[PDB]
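Structural features, examined
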Amino acid sequence: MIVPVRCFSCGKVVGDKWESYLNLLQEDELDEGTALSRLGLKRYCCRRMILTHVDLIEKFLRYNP
Amino acid sequence: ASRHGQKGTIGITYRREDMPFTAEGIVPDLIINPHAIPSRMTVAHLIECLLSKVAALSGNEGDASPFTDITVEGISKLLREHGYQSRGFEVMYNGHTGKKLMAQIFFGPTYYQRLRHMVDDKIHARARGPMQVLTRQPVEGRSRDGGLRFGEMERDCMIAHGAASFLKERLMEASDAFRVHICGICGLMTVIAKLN
Amino acid sequence: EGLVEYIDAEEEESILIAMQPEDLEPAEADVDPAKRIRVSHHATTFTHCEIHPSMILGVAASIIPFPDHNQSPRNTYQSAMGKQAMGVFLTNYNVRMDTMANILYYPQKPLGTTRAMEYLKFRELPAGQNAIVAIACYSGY
Amino acid sequence: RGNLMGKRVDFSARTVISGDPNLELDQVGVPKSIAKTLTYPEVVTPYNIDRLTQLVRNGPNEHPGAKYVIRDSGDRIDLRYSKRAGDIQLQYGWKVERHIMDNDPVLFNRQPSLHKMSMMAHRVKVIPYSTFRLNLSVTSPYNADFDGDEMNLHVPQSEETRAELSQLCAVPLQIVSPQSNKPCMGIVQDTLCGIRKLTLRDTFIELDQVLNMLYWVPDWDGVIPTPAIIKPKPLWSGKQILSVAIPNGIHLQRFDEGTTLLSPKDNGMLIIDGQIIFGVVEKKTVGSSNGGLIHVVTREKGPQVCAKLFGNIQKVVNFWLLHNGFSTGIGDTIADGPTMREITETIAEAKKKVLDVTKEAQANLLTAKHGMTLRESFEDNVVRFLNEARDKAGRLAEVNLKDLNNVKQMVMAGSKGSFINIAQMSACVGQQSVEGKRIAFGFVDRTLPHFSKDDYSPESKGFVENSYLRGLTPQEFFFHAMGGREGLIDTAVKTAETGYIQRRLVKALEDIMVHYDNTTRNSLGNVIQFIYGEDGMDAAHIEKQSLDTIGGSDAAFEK
Amino acid sequence: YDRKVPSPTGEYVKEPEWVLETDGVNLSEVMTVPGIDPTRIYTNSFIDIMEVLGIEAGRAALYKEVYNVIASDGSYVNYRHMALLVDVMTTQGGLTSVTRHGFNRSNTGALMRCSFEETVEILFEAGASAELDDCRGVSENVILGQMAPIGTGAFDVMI
Amino acid sequence: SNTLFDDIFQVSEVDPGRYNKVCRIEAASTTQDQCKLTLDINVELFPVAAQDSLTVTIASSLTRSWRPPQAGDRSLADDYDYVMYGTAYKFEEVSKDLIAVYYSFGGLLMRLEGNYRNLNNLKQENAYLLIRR
Amino acid sequence: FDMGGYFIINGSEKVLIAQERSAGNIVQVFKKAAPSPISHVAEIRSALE
Amino acid sequence: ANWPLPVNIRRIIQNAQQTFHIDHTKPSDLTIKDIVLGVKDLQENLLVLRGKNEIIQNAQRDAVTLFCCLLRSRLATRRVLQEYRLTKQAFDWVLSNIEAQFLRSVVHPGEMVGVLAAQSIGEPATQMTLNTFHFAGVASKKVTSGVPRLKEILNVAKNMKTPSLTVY
Amino acid sequence: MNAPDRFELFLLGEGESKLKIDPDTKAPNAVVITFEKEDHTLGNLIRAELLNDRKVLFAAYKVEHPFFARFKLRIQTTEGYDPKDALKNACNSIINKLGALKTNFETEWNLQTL
Amino acid sequence: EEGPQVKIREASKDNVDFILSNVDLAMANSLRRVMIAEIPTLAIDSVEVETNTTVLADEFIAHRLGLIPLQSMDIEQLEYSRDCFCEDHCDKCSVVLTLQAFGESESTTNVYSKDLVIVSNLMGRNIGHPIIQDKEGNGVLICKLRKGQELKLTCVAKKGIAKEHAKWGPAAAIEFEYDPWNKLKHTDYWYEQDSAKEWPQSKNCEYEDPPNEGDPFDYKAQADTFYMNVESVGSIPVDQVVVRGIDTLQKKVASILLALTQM
Amino acid sequence: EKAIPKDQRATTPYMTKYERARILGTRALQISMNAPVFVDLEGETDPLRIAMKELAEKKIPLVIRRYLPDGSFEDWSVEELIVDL
Amino acid sequence: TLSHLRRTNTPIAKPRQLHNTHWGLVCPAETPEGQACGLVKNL
RNA sequence: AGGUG
DNA sequence: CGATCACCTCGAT
Ligand SMILES: [Mg+2]
Ligand SMILES: [Zn+2]
Ligand SMILES: [Zn+2]
Ligand SMILES: [Zn+2]
């Protein structure tokens, strides 16, 4: 359910990195690890944030009203 | 709780600054005690952590499937390839002083579950309230503002203590207590209460 | 095409099952000291083979990472707990009217998964978060 | 049963319990809301009039306040409503139902209440947050932990009722238990683990920390002890700064194994006046031992003084450890490359001893001893052969574990872990049993349909060759699950039965008490014992003592 | 079996000895067998010890048994506690069980017994036999909502 | 007070029994053919190799709250490199003439045996050990 | 993601819990304890499907 | 030798040694008469039952029989001098300290001794794990233990599961 | 629910004053200052700087419970020296070090390129 | 200059690597702490929800809004609302933001921090401008809208510190290391065979000399020279995180010095 | 009837724990209800602390009726009873 | 939910025990602790 | 019933 | 004629 703003552990803004990550995976066709590092997510607390996120909102938006 | 039979309540909440910290500046979201490990023998918990650390670093999903040839060595080999000490240990500095802890901490990511059973849904206190019609005793349940049961098992501890009056207070002043009239002849509750 | 068959405990009585396709039926003639010790092919008069011994487990247990490295009761205890754990129970949650519904704000797909989780739809509807955790004696709280 | 022997009661609270290292042994951490709910009827006397009047002014929503004012004629003044809630000019003889305040005695409990120690009087400490807070050392008598346990709290309503709690039920009084004639509380977990670490010969602390540690002790005399070292740096040993928590006039001697007054291994224990001379402080000293510091201090210095001792030791050790740190990794289960080889071949030669004994049984060369079956003897042998393997394999691991091994460290302190734990986690799990026999042939002449018929081999009948580190195979896994289940099965069936036993015992002995003639009589005044326990001594005031006229040689008795 | 027996020089010595262990009980007959120590013969059947040797011996074996359950568990309970229980079952002359058949049938107060088991029927026979309840018991005072003659209430306080 | 005992010892063996800062020393006096010493030394602060020749001194001089030395003008009774403060715990006589004394320096143990110890080493919470070269 | 397998009775979702019973028409032999006169018994829980 | 008894004499002695600063190098100011007769007096003062009559007098004598065995073995003339190196002052204090601690050690009338016993047995019974035994590895060591055995005992089991007869 | 307001960590209440000076009973020329609404950030920093003063015999601080922001600082000085002066000088020494640090960082920052 | 010494290794718009030589660990840490928790910033501290026909809950959004970085450059020329004499908020103590979004398009509509609009009187001070570091020019995805979906709300951004709520930290992780050789012997390494082989070398080892094999332990040595890396969220620039850090610390020490004068 | 004379008394000369708790309790109850204090207060306000001092200074005018198992009793004043403990 | 829909109940020699024959049919772990331990099974 | 210890 | 203590929650008639 939607990309968290900021990493719970440290605070680095991650809420602006999602769409960018998705283009890096789909359009650039790179692997998650190189995708995360290209966005500038050096620490593993910041890595799990995006890598471990499930974007349930896309499914929720499918609900008619 | 973790996915390894490790249930535990929040003891206290520390902000980022008071928390122990990595040379990288990483800080735990959670601190679990070493004493929860030896007797419980939940080794997979420790392995999940090693794997999950490697997984977050490399940007891959860790294969924690049972009957596989995934070894602690194999994982350790990959974690070191990421410039970390192979067994999950990390040098950590004290949040209060900045001084390095003499001990290195097994630090890394572990999948933790938020369970039900939350203090606020459990807390109850009663100091006089609703009384059941028949028994004239405090009602039952938090949802009804009930009285905590002081069972016979509890009555026993008080007898053991030799606290004769507290035991009388629990069963009279708090809870029950009623004034009846007795006939000196038959000794029954036949005396008609015509007070005033 | 009869490449797979349905067996109950009654028929199980009369058959010889291999645990793995490979390690249980190739040939015979150094090792990895890290890897666990497995017996052998030995009894070689097989009629069947196990699809996957991970399949001996059900839903709640199929969620545990490496239960094969855990004490048997901890695996039972966890199975009870996972059912008390919050998460996105269903995508339609907003449209339902249930007596109590606990939904996690930012659920996370675990960094440590089981192959069985793919079928259990766990990484699509998770029930927990990947917390950065330190095993340590701190303030003693 | 549910309305006369027991009943639901007013002035009772309950919540989730949590641990507090900054709380006193005899204290109880009560949430503000709870303190604000539960009240004590306090009669207006010139002694309290000023405080009571003010508390009535604070009202029911501000904490050190009250709800209800009881005047003569009977009527209650509800402080939450009432137009005169701000008015109220109190009179002596009126009662003020004031909120529960710091230091009030309260009856604290945890179910099942199978002990007099499961119910104790604690000193109130009104604190924020929703959990009841308690000192880790009061955990054991209640048999509590913080995995989600809930505790009950009761409030005395009379002056005599609160006297009964403080004079009979108080936590410091319950320290030395009559059940086992030893204490029922001691130093546990981080404090037990840290104390060992702090107490080593190697452990040396500098001024900066020394002073902080010294200050942390509240009773501190204010005197900086002369450091044990005044060489190219002043250094205080851990023993030194910890001996500050121990009071004066305290003497303790032990002798473990190699203890020789020169204690080369730093074993045994020697405390003179109140300074630890030698010996690493672990469970034997600081646990709930028969001849422990606690038993000694309660007897020598008093209940309320020994209660202080917990806090003092806690405060130093907790702090020192907060700064030293301690952890447990996956590395603490890893045993040497060469150690694993030996463990592996240990199990391999056990496997052969089993195979040969089997080969022997099959040849009719096996002869069973009088009283048992040819098969009974075989199984009894194999089971023994295989247990020896696990014990030898685990011992090989324990030996390889360094003094820096965090699991070994806990075992050494006595905080958590025993041999088995080391063994099963790092060397070999071992044989699994059900109904006290190795894995049975559930299928016809086989344990699993992966085996052939009549296979009495270790692997087939439930021997777990692997350690939790290596990982269990599907068969091993299932077999361990079968054994594992058996545990949970009786665990359950025990409590339903042990509970009934407890009741019956209690019911049968309810009325047995010591009368004013040292005689032990029932409700009929029938003699049970003429002298209680045959000596007329209270169980808590007793302790194991060596009678020196019984043992020794006739020659040594003479000398 | 291992035995702690004193040596001729004074010190207690570890001298091993042969001991027979039986499946079944016939104490009366086995103790009269020539070649044994009839002073030392034992049985886990405390009831058989009671019938053959007497109530006092039965009491010694009854404790030895209770003790042995606690001991085998690794636990330790002070003598006085099991001593008491054992005496309670013993003082009656025979072996009164810790059940409704045993202690609950005793000459104790009608209200104090009805609190354990057979609740209504205890009060029923109390009515017919026209029982007078002593009110010296804990249970009766607990029911009667009075300060029981327990510790604090085991004496009267006067001016 | 002043010195209670002073001697030059010859180290024979040095052992770190599962310790990294501490070592138990074994030495006999170069003068007296019976006078021995067994003592725990902090080899991190002052190392001791085997066969070393050290000068040992038991004093009782240079009681109230400890004050940091403060070089200002404070001159302590040492031209030494290693100093410890401890307590006497046992005065065991090893028969006839031979007598031993037990000292603990916050748990760093010391046993010294001979005969001429006498009226000097008494039951005192006071005891200073001093080592040089 | 819903899997079904349940019912909806007066708005509430109901799960019928699978009930474990001993199979019928099966012959089974059992030894009988010491005070009993019959040493062994052969049983058949016969029923019509 | 080791048995739970009131008044830890060892500690009392240790306390006297520290308090009075006992010097093992100086001869004691005691007498054989002071020790021998002193201990004999202390014994007469270890009260449990205050009745001046014969029955109660012997009941009292019986109750202190074992503790006096300890007292005598510990406070023997050779031991008081050779071992402890006590002084008349330290010795006199030891005597009065034992008497006081003994009277403190005595059970209090009103003590709910019955409930105490029941709970003292009941609590460790719930703590009992394994209805089986640690003897499970051996064949001729299989006797009913744990909660089932404790159940057999309390119920006064006419037909116990493992009736055994140990012959000497 | 029973959780206190987060501003209570840095905001003083009614009646609550920052410093509370209390003469120590156990030792001469010793004082116990109670810093209100202040954690380890100030405690440890002041305690470490007091240790630099040669005329300071003792300096140790403590956070008696983590729920509350307050901390206790014990200072013992030599005769003639008031511990309130020891605290004063310690505080100034800190300011002077911090002042220097600010300028030094600024001079370096203005050299960098990015 | 005089006391503590600084040597900037690398500097960027978001990070500062530097060496803090001639300083005490107590100061190094107190600075590290105060950087994390006590530098005041500006963050949304009130959400007035006019309309919410969205997938997400009001508070769920309100919470994310608080987490959005806002320009905190001239935060010192803005009052803490508690100190302000106004009833509630004003221009001297707050900044008012507006979020109006509606899914006009068939395709999924996205809501960004760029979509927040300042309504308050700014009075020429660098404040409340949502921090955008995103390449496309729209930082932080607040929400996603379908079609009929609309979100109308109003934000009151206020002055505050992380010590009250984590949203107020100009924060991010601060790297902190001293003595990369354990010459101080401040930590005892856990090993299996070799500590040196099993523990990886820190990049800061290059800036120091190894223990030099058979050398006696330097007991008297104390911790000075600390390797740090301050990362900024964006609200306040890097220099200012450290500069304000030192400043807050001076200010809080000065308050004690001042509290002594009052008594 | 029944009673036992002051001379000839087998009961403990020392006060029991149950005896003092009931005593301090009863005395505290009286103090709380504005009864006169038989000891000088040292800035004391708590009814139990005052009862504790009144016992410490042996000025509690209460007597314990020690019932024996036959029914007979022995009257022991707080003044005579030894409060060792 | 999935777990609930795959539950077994056994009303009323050793039914609570994980039998050999349960292999690959009923879960070796998933069972309630106490009261109905080993009577409530999961597929 | 469904669960918490 | 028995058959662990206490505690929560639900929806039933
Ligand atoms: Mg628990
Ligand atoms: Zn991060
Ligand atoms: Zn009538
Ligand atoms: Zn304003």
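In this report, we go over the structure that sits alongside the text.

Our focus in this paragraph is the overall build of chain E. Scanning chain E for helices and strands turns up seven helices and five strands. Helices and strands appear in chain E in the N-to-C order β-β-β-α-β-α-α-α-α-α-α-β. Against the compact-globule benchmark of 15 Å for 159 residues, chain E has a radius of gyration of 23 Å, which places it well outside the compact range. Based on the C-alpha atoms only, the size of chain E along its principal axes is roughly 65 × 40 × 25 Å. Each of the 159 residues in chain E was classed as buried or not, and the buried ones make up 45%. Pairs at least 24 residues apart make up 20% of the contacts formed inside chain E by residues separated by at least 6 positions. Across chain E, the 11 positively charged side chains and the 23 negatively charged ones have centroids separated by 6 Å.

Turning next to the protein's contact with RNA strand M. The full set of residues close to RNA strand M is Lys 7 and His 117 of chain B, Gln 84 of chain C together with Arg 110, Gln 111, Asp 147 and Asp 149 of chain D. Backbone sugar and phosphate groups make up 93% of those atoms of RNA strand M lying within 4 Å of the protein. Between RNA strand M and the protein, one listed contact pairs a phosphate oxygen with a side-chain N or O atom of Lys 7 of chain B at 3.0 Å. With respect to RNA strand M, the side chain of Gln 84 of chain C contributes an N or O atom lying 2.8 Å from a phosphate oxygen.

Let's shift gears to the sheet that holds strand 9 (residues 174-178) of chain J. All names here are of chain J. Judged by pairing direction, the sheet is antiparallel, and its four strands sit side by side in the order 1-2-10-9 without closing on themselves. In the strand order of this sheet, the two ends are held by strand 1 (5-11) and strand 9, each with one partner. Direction aside, neighbouring strands of the sheet carry axes that sit 15° apart on average. With five bridges joining them, strand 9 and strand 10 (residues 226-231) adopt antiparallel strand pairing.

This part takes up the interface of chain B and chain D. A common way to express how large an interface is: the accessible area buried when the components associate. With 75 residues of chain B at the contact, the number on the chain D side is 85 residues. In this assembly, chain B and chain D are joined by eight salt bridges. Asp 10 of chain D serves as the salt-bridge partner of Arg 126 of chain B, at 2.8 Å between the closest nitrogen and oxygen. In this structure, the connection of chain B to chain D is made through 42 residue pairs in polar contact.

When their charged atoms lie close together, side chains carrying opposite charge are able to pair. Scanning the model with the defined rule gives 122 salt bridges over all chains in all. With its nearest N and O atoms 4.0 Å apart, the salt bridge here joins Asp 39 of chain I to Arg 15 of chain B. Separated into two different chains, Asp 39 of chain I in the loop between strand 2 (30-35) and helix 1 (40-50) and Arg 15 of chain B in the segment before strand 1 (21-22) make up a pair that spans both. We classify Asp 39 of chain I as buried; its relative accessible area is 7%. Note that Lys 109 of chain C is salt-bridged to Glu 61 of chain B, the shortest N-O span being 3.8 Å. With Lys 109 of chain C in the loop between helix 2 (72-81) and strand 3 (112-113) and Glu 61 of chain B in the loop between helix 1 (43-58) and strand 3 (62-63), this pair bridges two chains. Among the ionic contacts, a cluster of salt bridges with common partners joins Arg 15, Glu 17 and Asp 18 of chain B, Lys 18, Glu 38 and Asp 39 of chain I together with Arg 33, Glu 38, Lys 163 and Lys 252 of chain J.

A separate point is the coordination of the zinc ion (ligand 3). In this structure, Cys 183 of chain B (SG) and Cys 186 of chain B (SG) serve as the protein donors to the zinc ion (ligand 3), at separations of 2.3 Å. Accessibility expressed as a relative area gives 21% for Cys 183 of chain B, which makes it partly exposed.

So, about the pairing of strand 7 (residues 141-145) of chain J. Residues and elements named next belong to chain J. Here strand 7 lies mainly inside the structure; five of its five residues are buried. Bridging between strand 5 (residues 109-112) and strand 7 involves four bridges; their strand directions are antiparallel. Each residue of the ladder has a partner; that of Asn 110, found in strand 7, is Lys 144.

All names here are of chain J. The sheet built from four strands is open, its strands ordered 3-8-4-6 with antiparallel pairing. Of all the strands in the sheet, just strand 3 (41-52) and strand 6 (117-118) have a single pairing partner and so form its edges. Two elements, strand 4 (residues 94-102) and strand 8 (residues 150-160), share nine bridges in a ladder whose sense is antiparallel. Bridge assignment links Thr 98 to a residue of strand 8, and that residue is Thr 154. Here helix 2 (residues 58-66) sits on the sheet in contact with strand 3 and strand 8, set at roughly 155° to strand 3.

A few words now on the nonpolar core. With 213 residues, the main nonpolar core has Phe 35, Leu 73 and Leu 87 of chain I together with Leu 20 and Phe 226 of chain J as its most contacted residues. Two domains each provide a minimum of three residues to this core, namely domain 1 (1-40 + 167-263) and domain 2 (41-166) of chain J. With residues near it in sequence (within four places) discarded, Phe 226 of chain J still touches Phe 18, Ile 19, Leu 20, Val 23, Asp 24, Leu 25, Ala 28, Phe 176, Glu 177 and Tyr 178 of chain J. Membership of the second largest hydrophobic core comes to 84 residues, among which are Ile 17, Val 138, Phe 146 and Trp 320 of chain D.

Each pocket or cavity is described by its volume, and for the largest cavity that value is around 130 Å³. Together, 13 residues line the largest cavity, and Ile 334, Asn 400 and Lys 402 of chain D together with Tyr 191 and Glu 192 of chain J are the ones closest to its centre. Each residue belonging to the lining of the largest cavity can be placed in one class, and the counts come to six nonpolar, four polar and three charged.

Rules used throughout
- Residues numbered from 1 in each chain as written, not as in the entry; some residues may be left out.
- Chains lettered and ligands numbered in written order.
- Part of a larger assembly, values for the part shown.
- Heavy atoms only, no water.
- Helix = DSSP H or I, 4+ residues; strand = E, 2+ residues; numbered from the N terminus.
- Rg over C-alpha atoms; globule rule 2.2 N^0.38 Å.
- Buried < 20%, exposed > 50% of the residue type's maximum accessible area, 1.4 Å probe, protein only.
- Contact = heavy atoms within 4.5 Å.
- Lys, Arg positive; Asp, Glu negative; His and termini not counted.
- Charge placed at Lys NZ, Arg CZ, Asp CG, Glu CD.
- Near = heavy atom within 4 Å.
- Polar contact = N/O pair within 3.5 Å; in protein donor to acceptor, adjacent residues only side chain to side chain.
- Pairing = 2+ DSSP bridges.
- Axes fitted to C-alpha atoms, helices over the stretch in contact; angles between N-to-C directions.
- Salt bridge = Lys/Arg side-chain N within 4 Å of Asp/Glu carboxyl O.
- Donors = N, O, S within 2.8 Å, 3.2 Å for Na, K, Ca; no water.
- Core = buried A, V, L, I, M, F, W, Y, C linked by side-chain atoms within 4.5 Å.
- Domains from an automatic or database assignment.
- 1 Å grid on protein atoms, 1.4 Å probe; cavity = no way out; pocket = protein on both sides within 12 Å on 5 of 7 lines; lining within 4 Å.
- Points joined across faces, edges and corners; volume = space filled by probe spheres on them.
- Nonpolar A, V, L, I, M, F, W, Y, C, P; charged D, E, K, R; others polar.

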